[PDB]
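*Asks:* Sharing a structure with you now.
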Amino acid sequence: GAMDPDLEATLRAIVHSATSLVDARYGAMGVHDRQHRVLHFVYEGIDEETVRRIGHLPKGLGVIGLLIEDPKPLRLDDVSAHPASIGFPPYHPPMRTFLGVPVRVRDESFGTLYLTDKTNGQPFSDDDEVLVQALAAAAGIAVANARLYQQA
Amino acid sequence: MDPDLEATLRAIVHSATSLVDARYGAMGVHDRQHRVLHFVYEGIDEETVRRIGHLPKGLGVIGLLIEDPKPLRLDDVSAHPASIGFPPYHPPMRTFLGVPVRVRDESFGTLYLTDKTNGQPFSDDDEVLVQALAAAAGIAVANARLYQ
Ligand code: HEM
Ligand code: HEM
Ligand SMILES: [Ca+2]
């Protein structure tokens, strides 16, 4: 099923603001069920043709997985050099700098919010982290409170 | 009143205020009539709150925001034609950014900030960020409304 439309609008807006305000080239959010299973994937910074070429959506593997069990923020300067990295699939843009956070409400997990490749070639900042966390928290509020499906 | 909602709305106000680096931030939630249902804020000391006495009714620029729900971003709130004025003992405030707190179906209130640091006006960036936070608040309110 498609995401509830208000939830989707809210999540795309949160991803866009996060991406813009930390000056990331790419931004993404995975929306999960309560068991960390990826349900939806919201992103920006990649053109449609490149999206078609990559083909398959992410499974929430590699570095992204770390955000789920160690729910504190993670910054890396060369994300795919991390030993948990699965690697980029064919056609995916190479990415180096990373800032990622879990999306939570209290102790419930709702997904992940992560950004890559700060445009000045610089590492993500402390201020960037704090902002990203606040956005994630807002995202957790949206997902937790989102309208559940209803038959006509 | 609702305590877990109230705490959610306060967290959103805190996020808007601190991230934009405003001195003051508020959210007002109204009924279909416009009776206030929630008014949460930060940046003003309890002593000044008592001095003001009466709660806002949602007039002036806020009223405008209720009437025409779209972002409103001003160098000087007192200079807007729809400005009603501050009551006695209210802290002076000058720069203003307000956005609706809403979902597609309905708008429930207004999230608003004043007096960005160093006397600077609120930016487009600030406005977009506040809209994103407000939207999350809008979902939380909608969910609460859904109570029978
Ligand atoms: C635009 C925002 C995006 C960001 C910030 C992002 C970031 C990342 C990162 C950091 C990794 C893993 C590095 C590692 O652990 O090896 C990854 C892997 C991956 N990405 Fe992306 N990516 C984005 C967009 C996309 C899109 C649009 C697609 C597909 C349409 C995609 C498909 C994949 C796949 C299949 C993997 C392999 C790991 C997995 O299955 O989870 N990505 N991405
Ligand atoms: C701290 C966050 C606050 C902000 C950002 C804020 C801002 C504002 C603004 C922008 C106006 C409209 C001015 C105009 O239209 O000319 C206003 C008016 C008003 N304010 Fe505040 N305010 C805050 C807190 C308070 C508090 C704590 C109270 C007292 C309980 C209060 C009481 C009022 C009253 C009575 C009005 C007159 C208009 C109306 O009734 O809605 N304000 N304030
Ligand atoms: Ca540091």
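Identifiers in this document derive from the order of the structure tokens: chains are assigned A, B, ..., residues are numbered from 1 separately in each chain, and ligands are numbered from 1 in order of occurrence.
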What's around stretch 52-56 of chain B at 12 Å? Count only C-alpha atoms, leave out sequence neighbours fewer than 2 positions away in its own chain, and write the answer as an NGL selection string.
*Replies:* :B and (26-30 or 34-41 or 44-50 or 58-63 or 84-91)
*Asks:* Let me see the file: selected residues, N, CA, C and O atoms, as a CSV table (one decimal), in the first residue's frame.
*Replies:*
chain,number,residue,atom,x,y,z
B,26,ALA,N,5.8,29.6,20.0
B,26,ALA,CA,4.5,29.2,20.4
B,26,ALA,C,3.8,28.3,19.5
B,26,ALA,O,4.0,28.4,18.3
B,27,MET,N,2.9,27.5,20.0
B,27,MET,CA,1.8,26.9,19.2
B,27,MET,C,0.5,27.1,19.8
B,27,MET,O,0.3,26.8,21.0
B,28,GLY,N,-0.4,27.5,19.0
B,28,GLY,CA,-1.8,27.6,19.4
B,28,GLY,C,-2.7,26.6,18.6
B,28,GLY,O,-2.6,26.7,17.4
B,29,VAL,N,-3.5,25.8,19.3
B,29,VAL,CA,-4.4,24.9,18.7
B,29,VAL,C,-5.8,25.3,19.0
B,29,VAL,O,-6.2,25.5,20.1
B,30,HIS,N,-6.6,25.5,18.0
B,30,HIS,CA,-8.0,25.9,18.1
B,30,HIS,C,-9.0,24.9,17.5
B,30,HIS,O,-8.7,24.0,16.8
B,34,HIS,N,-12.8,28.3,16.9
B,34,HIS,CA,-11.6,29.0,17.3
B,34,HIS,C,-11.3,29.2,18.8
B,34,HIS,O,-10.5,30.0,19.1
B,35,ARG,N,-12.0,28.6,19.6
B,35,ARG,CA,-11.7,28.5,21.0
B,35,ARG,C,-10.3,27.8,21.1
B,35,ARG,O,-10.0,26.8,20.5
B,36,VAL,N,-9.5,28.4,21.9
B,36,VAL,CA,-8.2,27.8,22.1
B,36,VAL,C,-8.3,26.5,22.8
B,36,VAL,O,-9.1,26.3,23.7
B,37,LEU,N,-7.5,25.5,22.4
B,37,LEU,CA,-7.6,24.2,23.0
B,37,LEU,C,-6.3,23.8,23.6
B,37,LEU,O,-6.2,22.9,24.5
B,38,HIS,N,-5.3,24.5,23.1
B,38,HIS,CA,-3.9,24.3,23.6
B,38,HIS,C,-3.2,25.6,23.3
B,38,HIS,O,-3.4,26.2,22.3
B,39,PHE,N,-2.3,26.0,24.2
B,39,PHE,CA,-1.4,27.1,24.0
B,39,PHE,C,-0.2,26.8,24.7
B,39,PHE,O,-0.2,26.9,26.0
B,40,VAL,N,0.9,26.4,24.0
B,40,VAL,CA,2.1,26.1,24.6
B,40,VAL,C,3.2,27.0,24.0
B,40,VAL,O,3.1,27.3,22.8
B,41,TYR,N,4.2,27.3,24.8
B,41,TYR,CA,5.1,28.3,24.4
B,41,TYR,C,6.4,28.2,25.2
B,41,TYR,O,6.5,27.4,26.2
B,44,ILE,N,9.6,32.8,27.6
B,44,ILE,CA,9.0,33.8,28.5
B,44,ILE,C,8.9,33.3,29.9
B,44,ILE,O,8.4,32.2,30.2
B,45,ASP,N,9.5,34.0,30.9
B,45,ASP,CA,9.6,33.6,32.3
B,45,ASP,C,8.2,33.7,32.9
B,45,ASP,O,7.3,34.4,32.4
B,46,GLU,N,8.0,32.9,33.9
B,46,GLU,CA,6.7,32.7,34.6
B,46,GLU,C,6.2,34.0,35.2
B,46,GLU,O,5.0,34.2,35.1
B,47,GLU,N,7.1,34.8,35.7
B,47,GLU,CA,6.7,36.1,36.3
B,47,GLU,C,6.0,37.0,35.2
B,47,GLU,O,5.0,37.6,35.5
B,48,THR,N,6.7,37.1,34.1
B,48,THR,CA,6.1,37.9,33.0
B,48,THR,C,4.8,37.3,32.5
B,48,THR,O,3.9,38.0,32.2
B,49,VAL,N,4.7,36.0,32.5
B,49,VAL,CA,3.4,35.3,32.1
B,49,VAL,C,2.2,35.8,33.0
B,49,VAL,O,1.2,36.2,32.5
B,50,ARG,N,2.5,35.8,34.3
B,50,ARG,CA,1.5,36.3,35.3
B,50,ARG,C,1.1,37.8,35.1
B,50,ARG,O,0.0,38.1,35.2
B,58,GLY,N,-6.2,34.6,19.8
B,58,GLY,CA,-5.9,34.3,18.4
B,58,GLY,C,-6.4,35.5,17.4
B,58,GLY,O,-7.0,35.2,16.4
B,59,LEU,N,-6.1,36.7,17.8
B,59,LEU,CA,-6.4,37.9,17.0
B,59,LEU,C,-5.2,38.4,16.3
B,59,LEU,O,-4.1,37.7,16.3
B,60,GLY,N,-5.3,39.5,15.6
B,60,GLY,CA,-4.2,40.1,14.9
B,60,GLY,C,-3.6,39.2,13.8
B,60,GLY,O,-4.3,38.5,13.1
B,61,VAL,N,-2.3,39.1,13.8
B,61,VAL,CA,-1.6,38.3,12.9
B,61,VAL,C,-1.9,36.8,13.0
B,61,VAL,O,-2.0,36.2,12.1
B,62,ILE,N,-2.1,36.4,14.2
B,62,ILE,CA,-2.5,35.0,14.4
B,62,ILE,C,-3.8,34.7,13.8
B,62,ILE,O,-4.0,33.7,13.1
B,63,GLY,N,-4.8,35.6,14.0
B,63,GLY,CA,-6.1,35.4,13.4
B,63,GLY,C,-6.0,35.4,12.0
B,63,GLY,O,-6.8,34.7,11.3
B,84,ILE,N,-2.9,43.5,15.8
B,84,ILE,CA,-3.8,44.0,16.8
B,84,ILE,C,-3.1,44.7,17.9
B,84,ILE,O,-3.6,45.6,18.5
B,85,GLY,N,-1.8,44.3,18.1
B,85,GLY,CA,-1.0,44.9,19.2
B,85,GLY,C,-0.8,44.0,20.3
B,85,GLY,O,-1.5,43.1,20.5
B,86,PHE,N,0.3,44.2,21.1
B,86,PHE,CA,0.6,43.4,22.2
B,86,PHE,C,-0.2,43.9,23.5
B,86,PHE,O,-0.5,45.1,23.6
B,87,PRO,N,-0.6,43.0,24.4
B,87,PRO,CA,-1.3,43.5,25.6
B,87,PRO,C,-0.2,44.1,26.5
B,87,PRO,O,0.9,44.0,26.3
B,88,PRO,N,-0.7,44.7,27.6
B,88,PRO,CA,0.3,45.3,28.6
B,88,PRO,C,1.1,44.1,29.2
B,88,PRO,O,0.6,43.1,29.4
B,89,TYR,N,2.4,44.4,29.3
B,89,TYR,CA,3.3,43.6,30.0
B,89,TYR,C,3.9,42.4,29.1
B,89,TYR,O,4.8,41.7,29.5
B,90,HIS,N,3.4,42.4,27.9
B,90,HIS,CA,3.9,41.4,27.0
B,90,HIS,C,5.3,41.8,26.5
B,90,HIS,O,5.5,43.0,26.3
B,91,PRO,N,6.2,40.9,26.4
B,91,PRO,CA,7.5,41.3,26.0
B,91,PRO,C,7.5,41.8,24.6
B,91,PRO,O,6.7,41.4,23.8
*Asks:* Could you list, as a PDB file with C-alpha atoms, in the first residue's frame, the residues of chain A having an atom within 6 Å of chain B when counting only C-alpha atoms?
*Replies:*
ATOM      1  CA  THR A  10       5.355  15.248   6.078  1.00  0.00           C
ATOM      2  CA  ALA A  13       9.331  17.711   3.828  1.00  0.00           C
ATOM      3  CA  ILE A  14      11.437  16.487   6.789  1.00  0.00           C
ATOM      4  CA  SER A  17      14.795  20.187   5.247  1.00  0.00           C
ATOM      5  CA  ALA A 138       9.628  14.861  14.437  1.00  0.00           C
ATOM      6  CA  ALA A 142       4.557  11.667  12.277  1.00  0.00           C
ATOM      7  CA  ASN A 145       0.568   9.198  14.878  1.00  0.00           C
TER       8      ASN A 145
END
*Asks:* Which residues sit within 12 Å of ligand 3, counting only C-alpha atoms and all ligand atoms, listed as a ChimeraX atom specification?
*Replies:* /A:73-76,123-130
*Asks:* Selection from above, N, CA, C and O atoms, as a PDB file, in the first residue's frame, can you write it?
*Replies:*
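Once written, selection10.pdb looks like this:
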ATOM      1  N   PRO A  73      23.465   8.625  17.245  1.00  0.00           N
ATOM      2  CA  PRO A  73      23.834   9.060  15.873  1.00  0.00           C
ATOM      3  C   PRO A  73      25.163   8.448  15.420  1.00  0.00           C
ATOM      4  O   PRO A  73      25.997   8.096  16.263  1.00  0.00           O
ATOM      5  N   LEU A  74      25.354   8.351  14.102  1.00  0.00           N
ATOM      6  CA  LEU A  74      26.559   7.799  13.495  1.00  0.00           C
ATOM      7  C   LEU A  74      27.051   8.711  12.388  1.00  0.00           C
ATOM      8  O   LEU A  74      26.298   9.033  11.447  1.00  0.00           O
ATOM      9  N   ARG A  75      28.292   9.176  12.521  1.00  0.00           N
ATOM     10  CA  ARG A  75      28.923   9.916  11.449  1.00  0.00           C
ATOM     11  C   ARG A  75      30.155   9.125  11.051  1.00  0.00           C
ATOM     12  O   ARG A  75      30.883   8.571  11.894  1.00  0.00           O
ATOM     13  N   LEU A  76      30.354   9.071   9.749  1.00  0.00           N
ATOM     14  CA  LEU A  76      31.516   8.425   9.154  1.00  0.00           C
ATOM     15  C   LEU A  76      32.017   9.335   8.071  1.00  0.00           C
ATOM     16  O   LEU A  76      31.227  10.059   7.482  1.00  0.00           O
ATOM     17  N   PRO A 123      33.254  16.914   6.495  1.00  0.00           N
ATOM     18  CA  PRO A 123      32.520  15.979   7.370  1.00  0.00           C
ATOM     19  C   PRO A 123      31.300  16.657   8.004  1.00  0.00           C
ATOM     20  O   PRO A 123      31.265  17.901   8.140  1.00  0.00           O
ATOM     21  N   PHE A 124      30.288  15.865   8.347  1.00  0.00           N
ATOM     22  CA  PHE A 124      29.123  16.435   9.012  1.00  0.00           C
ATOM     23  C   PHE A 124      29.479  16.917  10.417  1.00  0.00           C
ATOM     24  O   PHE A 124      30.259  16.272  11.144  1.00  0.00           O
ATOM     25  N   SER A 125      28.921  18.053  10.764  1.00  0.00           N
ATOM     26  CA  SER A 125      29.142  18.764  12.009  1.00  0.00           C
ATOM     27  C   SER A 125      28.317  18.326  13.224  1.00  0.00           C
ATOM     28  O   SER A 125      27.340  17.680  13.103  1.00  0.00           O
ATOM     29  N   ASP A 126      28.726  18.761  14.397  1.00  0.00           N
ATOM     30  CA  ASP A 126      27.979  18.516  15.577  1.00  0.00           C
ATOM     31  C   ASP A 126      26.649  19.165  15.462  1.00  0.00           C
ATOM     32  O   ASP A 126      25.707  18.593  15.803  1.00  0.00           O
ATOM     33  N   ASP A 127      26.620  20.367  14.925  1.00  0.00           N
ATOM     34  CA  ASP A 127      25.367  21.071  14.752  1.00  0.00           C
ATOM     35  C   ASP A 127      24.463  20.314  13.797  1.00  0.00           C
ATOM     36  O   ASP A 127      23.289  20.224  14.011  1.00  0.00           O
ATOM     37  N   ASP A 128      25.052  19.753  12.762  1.00  0.00           N
ATOM     38  CA  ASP A 128      24.318  18.943  11.806  1.00  0.00           C
ATOM     39  C   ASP A 128      23.669  17.733  12.507  1.00  0.00           C
ATOM     40  O   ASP A 128      22.543  17.412  12.261  1.00  0.00           O
ATOM     41  N   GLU A 129      24.415  17.101  13.396  1.00  0.00           N
ATOM     42  CA  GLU A 129      23.895  15.956  14.073  1.00  0.00           C
ATOM     43  C   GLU A 129      22.677  16.293  14.921  1.00  0.00           C
ATOM     44  O   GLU A 129      21.669  15.649  14.842  1.00  0.00           O
ATOM     45  N   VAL A 130      22.804  17.378  15.679  1.00  0.00           N
ATOM     46  CA  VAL A 130      21.762  17.818  16.585  1.00  0.00           C
ATOM     47  C   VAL A 130      20.515  18.163  15.765  1.00  0.00           C
ATOM     48  O   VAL A 130      19.463  17.821  16.119  1.00  0.00           O
TER      49      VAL A 130
END
*Asks:* Could the residues that lie within 6 Å of ligand 1, counting only C-alpha atoms and all ligand atoms, be listed as a PyMOL selection string?
*Replies:* chain A and resi 26-28+43-46+51+54-63+80+85-89+114-116
*Asks:* Extract, using only C-alpha atoms, all DNA, RNA and protein residues at most 12 Å from residue B:74, discarding same-chain residues fewer than 6 positions from it, and format them as a PyMOL selection string.
*Replies:* chain B and resi 61+80-81+83+93-99+112-116+120-124+127
*Asks:* Would you output that residue set with N, CA, C and O atoms, as a JSON list (two decimals), in the first residue's frame?
*Replies:*
[["chain", "number", "residue", "atom", "x", "y", "z"],
["B", 61, "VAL", "N", -2.32, 39.15, 13.81],
["B", 61, "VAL", "CA", -1.61, 38.32, 12.86],
["B", 61, "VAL", "C", -1.94, 36.84, 13.01],
["B", 61, "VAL", "O", -2.00, 36.18, 12.06],
["B", 80, "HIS", "N", 2.45, 44.96, 10.37],
["B", 80, "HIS", "CA", 1.47, 44.30, 9.50],
["B", 80, "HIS", "C", 0.08, 44.93, 9.71],
["B", 80, "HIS", "O", -0.30, 45.20, 10.84],
["B", 81, "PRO", "N", -0.66, 45.18, 8.61],
["B", 81, "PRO", "CA", -2.01, 45.78, 8.66],
["B", 81, "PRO", "C", -3.00, 45.04, 9.57],
["B", 81, "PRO", "O", -3.85, 45.68, 10.19],
["B", 83, "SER", "N", -2.10, 43.40, 12.26],
["B", 83, "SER", "CA", -1.61, 43.50, 13.67],
["B", 83, "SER", "C", -2.61, 44.16, 14.65],
["B", 83, "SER", "O", -3.09, 45.27, 14.41],
["B", 93, "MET", "N", 8.26, 42.13, 20.83],
["B", 93, "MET", "CA", 8.68, 41.14, 19.84],
["B", 93, "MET", "C", 8.65, 41.81, 18.49],
["B", 93, "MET", "O", 7.80, 42.59, 18.27],
["B", 94, "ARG", "N", 9.52, 41.54, 17.62],
["B", 94, "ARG", "CA", 9.59, 42.21, 16.36],
["B", 94, "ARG", "C", 9.55, 41.35, 15.11],
["B", 94, "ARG", "O", 8.62, 41.40, 14.42],
["B", 95, "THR", "N", 10.56, 40.48, 14.87],
["B", 95, "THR", "CA", 10.54, 39.54, 13.75],
["B", 95, "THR", "C", 9.54, 38.42, 14.00],
["B", 95, "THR", "O", 9.41, 37.98, 15.08],
["B", 96, "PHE", "N", 8.88, 37.97, 12.98],
["B", 96, "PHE", "CA", 7.88, 36.95, 13.14],
["B", 96, "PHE", "C", 7.83, 35.92, 11.99],
["B", 96, "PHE", "O", 7.86, 36.27, 10.87],
["B", 97, "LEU", "N", 7.66, 34.67, 12.35],
["B", 97, "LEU", "CA", 7.43, 33.59, 11.39],
["B", 97, "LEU", "C", 6.32, 32.71, 11.96],
["B", 97, "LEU", "O", 6.47, 32.18, 13.08],
["B", 98, "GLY", "N", 5.21, 32.58, 11.22],
["B", 98, "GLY", "CA", 4.10, 31.69, 11.57],
["B", 98, "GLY", "C", 3.66, 30.80, 10.40],
["B", 98, "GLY", "O", 3.65, 31.23, 9.21],
["B", 99, "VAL", "N", 3.31, 29.55, 10.72],
["B", 99, "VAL", "CA", 2.85, 28.60, 9.72],
["B", 99, "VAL", "C", 1.68, 27.79, 10.28],
["B", 99, "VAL", "O", 1.58, 27.58, 11.49],
["B", 112, "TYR", "N", 4.43, 29.31, 15.67],
["B", 112, "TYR", "CA", 5.05, 30.60, 15.37],
["B", 112, "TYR", "C", 6.23, 30.98, 16.23],
["B", 112, "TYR", "O", 6.30, 30.59, 17.40],
["B", 113, "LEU", "N", 7.14, 31.73, 15.63],
["B", 113, "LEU", "CA", 8.39, 32.13, 16.28],
["B", 113, "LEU", "C", 8.58, 33.62, 16.21],
["B", 113, "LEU", "O", 8.19, 34.25, 15.22],
["B", 114, "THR", "N", 9.27, 34.17, 17.22],
["B", 114, "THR", "CA", 9.64, 35.58, 17.21],
["B", 114, "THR", "C", 11.07, 35.83, 17.67],
["B", 114, "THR", "O", 11.65, 35.04, 18.44],
["B", 115, "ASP", "N", 11.61, 36.94, 17.19],
["B", 115, "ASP", "CA", 12.87, 37.49, 17.66],
["B", 115, "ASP", "C", 14.04, 36.52, 17.49],
["B", 115, "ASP", "O", 14.72, 36.17, 18.44],
["B", 116, "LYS", "N", 14.26, 36.10, 16.24],
["B", 116, "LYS", "CA", 15.48, 35.41, 15.84],
["B", 116, "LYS", "C", 16.71, 36.17, 16.37],
["B", 116, "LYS", "O", 16.69, 37.40, 16.53],
["B", 120, "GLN", "N", 18.07, 39.44, 13.32],
["B", 120, "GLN", "CA", 17.95, 39.06, 11.93],
["B", 120, "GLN", "C", 16.53, 38.57, 11.60],
["B", 120, "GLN", "O", 15.86, 38.00, 12.46],
["B", 121, "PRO", "N", 16.07, 38.80, 10.37],
["B", 121, "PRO", "CA", 14.76, 38.30, 9.95],
["B", 121, "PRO", "C", 14.82, 36.80, 9.71],
["B", 121, "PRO", "O", 15.89, 36.25, 9.43],
["B", 122, "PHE", "N", 13.67, 36.14, 9.84],
["B", 122, "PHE", "CA", 13.55, 34.72, 9.53],
["B", 122, "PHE", "C", 13.76, 34.52, 8.03],
["B", 122, "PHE", "O", 13.35, 35.39, 7.23],
["B", 123, "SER", "N", 14.42, 33.44, 7.65],
["B", 123, "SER", "CA", 14.71, 33.16, 6.23],
["B", 123, "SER", "C", 13.71, 32.19, 5.60],
["B", 123, "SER", "O", 12.83, 31.64, 6.28],
["B", 124, "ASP", "N", 13.83, 32.00, 4.27],
["B", 124, "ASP", "CA", 13.12, 30.94, 3.55],
["B", 124, "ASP", "C", 13.48, 29.59, 4.17],
["B", 124, "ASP", "O", 12.61, 28.74, 4.38],
["B", 127, "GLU", "N", 11.50, 29.12, 7.30],
["B", 127, "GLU", "CA", 10.11, 28.89, 6.99],
["B", 127, "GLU", "C", 9.86, 27.43, 6.60],
["B", 127, "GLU", "O", 8.95, 26.81, 7.11]]
*Asks:* Could you give me, as a PyMOL selection string, the residues within 7 Å of stretch 95-112 of chain A, counting only C-alpha atoms and dropping anything in the same chain fewer than 5 positions from it?
*Replies:* chain A and resi 29-34+67-68+71-79+117-118+123-124+133+136-137+139-141+143
*Asks:* Keeping only N, CA, C and O atoms, write the selected residues to a file as a short mmCIF file (atom, residue, chain, number, x, y, z; two decimals), in the first residue's frame.
*Replies:*
data_model
loop_
_atom_site.label_atom_id
_atom_site.label_comp_id
_atom_site.auth_asym_id
_atom_site.auth_seq_id
_atom_site.Cartn_x
_atom_site.Cartn_y
_atom_site.Cartn_z
N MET A 29 15.24 8.50 4.09
CA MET A 29 14.56 7.99 5.25
C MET A 29 13.96 6.63 4.93
O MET A 29 13.22 6.47 3.96
N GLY A 30 14.25 5.65 5.78
CA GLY A 30 13.56 4.37 5.70
C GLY A 30 12.49 4.37 6.77
O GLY A 30 12.75 4.75 7.92
N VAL A 31 11.28 3.96 6.38
CA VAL A 31 10.15 3.83 7.30
C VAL A 31 10.00 2.33 7.55
O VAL A 31 9.94 1.54 6.61
N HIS A 32 9.99 1.93 8.82
CA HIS A 32 10.00 0.52 9.16
C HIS A 32 8.72 0.10 9.87
O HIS A 32 7.99 0.95 10.38
N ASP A 33 8.46 -1.20 9.91
CA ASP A 33 7.47 -1.73 10.84
C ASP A 33 8.14 -1.81 12.22
O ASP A 33 9.31 -1.41 12.36
N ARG A 34 7.44 -2.32 13.22
CA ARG A 34 8.02 -2.39 14.57
C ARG A 34 9.19 -3.38 14.70
O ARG A 34 9.94 -3.33 15.69
N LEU A 67 22.11 1.65 12.78
CA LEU A 67 21.26 2.69 13.37
C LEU A 67 20.12 2.13 14.21
O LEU A 67 19.68 2.77 15.16
N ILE A 68 19.70 0.91 13.87
CA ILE A 68 18.55 0.22 14.47
C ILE A 68 18.78 -0.33 15.88
O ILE A 68 17.89 -0.26 16.73
N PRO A 71 20.95 2.84 18.84
CA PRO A 71 20.20 4.01 18.47
C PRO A 71 20.79 5.26 19.08
O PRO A 71 20.19 5.86 19.97
N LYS A 72 21.97 5.62 18.61
CA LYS A 72 22.56 6.94 18.80
C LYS A 72 23.05 7.36 17.40
O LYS A 72 23.04 6.54 16.48
N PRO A 73 23.47 8.63 17.25
CA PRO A 73 23.83 9.06 15.87
C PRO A 73 25.16 8.45 15.42
O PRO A 73 26.00 8.10 16.26
N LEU A 74 25.35 8.35 14.10
CA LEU A 74 26.56 7.80 13.50
C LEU A 74 27.05 8.71 12.39
O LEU A 74 26.30 9.03 11.45
N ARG A 75 28.29 9.18 12.52
CA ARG A 75 28.92 9.92 11.45
C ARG A 75 30.15 9.13 11.05
O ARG A 75 30.88 8.57 11.89
N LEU A 76 30.35 9.07 9.75
CA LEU A 76 31.52 8.42 9.15
C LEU A 76 32.02 9.33 8.07
O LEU A 76 31.23 10.06 7.48
N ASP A 77 33.33 9.33 7.83
CA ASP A 77 33.93 10.09 6.74
C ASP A 77 34.06 9.32 5.41
O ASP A 77 34.19 9.92 4.36
N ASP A 78 33.97 8.00 5.47
CA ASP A 78 34.09 7.16 4.28
C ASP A 78 33.19 5.96 4.57
O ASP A 78 33.65 4.93 5.07
N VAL A 79 31.89 6.12 4.30
CA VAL A 79 30.91 5.16 4.82
C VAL A 79 31.15 3.71 4.40
O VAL A 79 30.95 2.80 5.19
N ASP A 117 27.42 12.96 1.84
CA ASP A 117 28.17 13.85 0.93
C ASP A 117 27.88 15.34 1.10
O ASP A 117 27.37 16.00 0.19
N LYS A 118 28.23 15.86 2.27
CA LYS A 118 28.18 17.30 2.52
C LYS A 118 28.92 17.99 1.36
O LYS A 118 30.01 17.56 0.95
N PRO A 123 33.25 16.91 6.49
CA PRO A 123 32.52 15.98 7.37
C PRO A 123 31.30 16.66 8.00
O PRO A 123 31.26 17.90 8.14
N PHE A 124 30.29 15.87 8.35
CA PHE A 124 29.12 16.44 9.01
C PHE A 124 29.48 16.92 10.42
O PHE A 124 30.26 16.27 11.14
N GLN A 133 18.85 14.86 14.43
CA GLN A 133 18.17 14.18 15.49
C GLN A 133 16.79 14.82 15.76
O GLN A 133 15.84 14.14 15.94
N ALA A 136 14.58 13.79 13.06
CA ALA A 136 14.20 12.39 13.19
C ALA A 136 13.09 12.26 14.21
O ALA A 136 12.20 11.54 14.02
N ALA A 137 13.20 13.00 15.29
CA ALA A 137 12.22 12.93 16.36
C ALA A 137 10.84 13.37 15.85
O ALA A 137 9.85 12.77 16.09
N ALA A 139 9.95 13.11 12.77
CA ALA A 139 9.57 12.07 11.88
C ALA A 139 8.94 10.92 12.70
O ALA A 139 8.00 10.33 12.30
N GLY A 140 9.51 10.63 13.85
CA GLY A 140 8.97 9.59 14.67
C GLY A 140 7.56 9.95 15.11
O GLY A 140 6.69 9.17 15.08
N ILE A 141 7.34 11.19 15.45
CA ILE A 141 6.03 11.66 15.81
C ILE A 141 5.06 11.47 14.62
O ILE A 141 4.00 11.00 14.78
N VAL A 143 5.14 9.31 12.05
CA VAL A 143 4.89 7.89 11.75
C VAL A 143 4.02 7.26 12.85
O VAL A 143 3.04 6.57 12.54
#
*Asks:* DSSP on the backbone, then: every residue of chain A marked strand (DSSP E or B), written as a VMD selection string.
*Replies:* chain A and resid 24 to 32 38 to 44 74 to 76 98 to 105 108 to 118
*Asks:* Using Å and a single decimal, report how far atom CA of residue B:25 sits from atom CA of residue A:147.
*Replies:*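 Atom-to-atom, atom CA of residue A:147 to atom CA of residue B:25, that is 27.4 Å.
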*Asks:* Running DSSP on the backbone, which parts of stretch 17-135 of chain B land in alpha helix (DSSP H), as a PyMOL selection string?
*Replies:* chain B and resi 17-20+46-52+60-67+124-135
*Asks:* Separation of atom CA of residue B:100 and atom CA of residue B:69, in Å?
*Replies:*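 Computed distance, atom CA of residue B:100 to atom CA of residue B:69, equals 5.5 Å.
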*Asks:* Using only C-alpha atoms and all ligand atoms, which residue out of B:71, B:119, B:109, B:92 lies closest to ligand 2?
*Replies:*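 Comparing B:71, B:119, B:109, B:92 against ligand 2, the winner is B:92.
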*Asks:* Under the rule that only C-alpha atoms and all ligand atoms are counted, which of B:68, B:57, B:33, B:76 is the nearest residue to ligand 2?
*Replies:* B:57
*Asks:* Could you check how far atom CA of residue A:84 sits from atom CA of residue A:41, in Å to one decimal?
*Replies:*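 Interatomic distance here is 20.7 Å.
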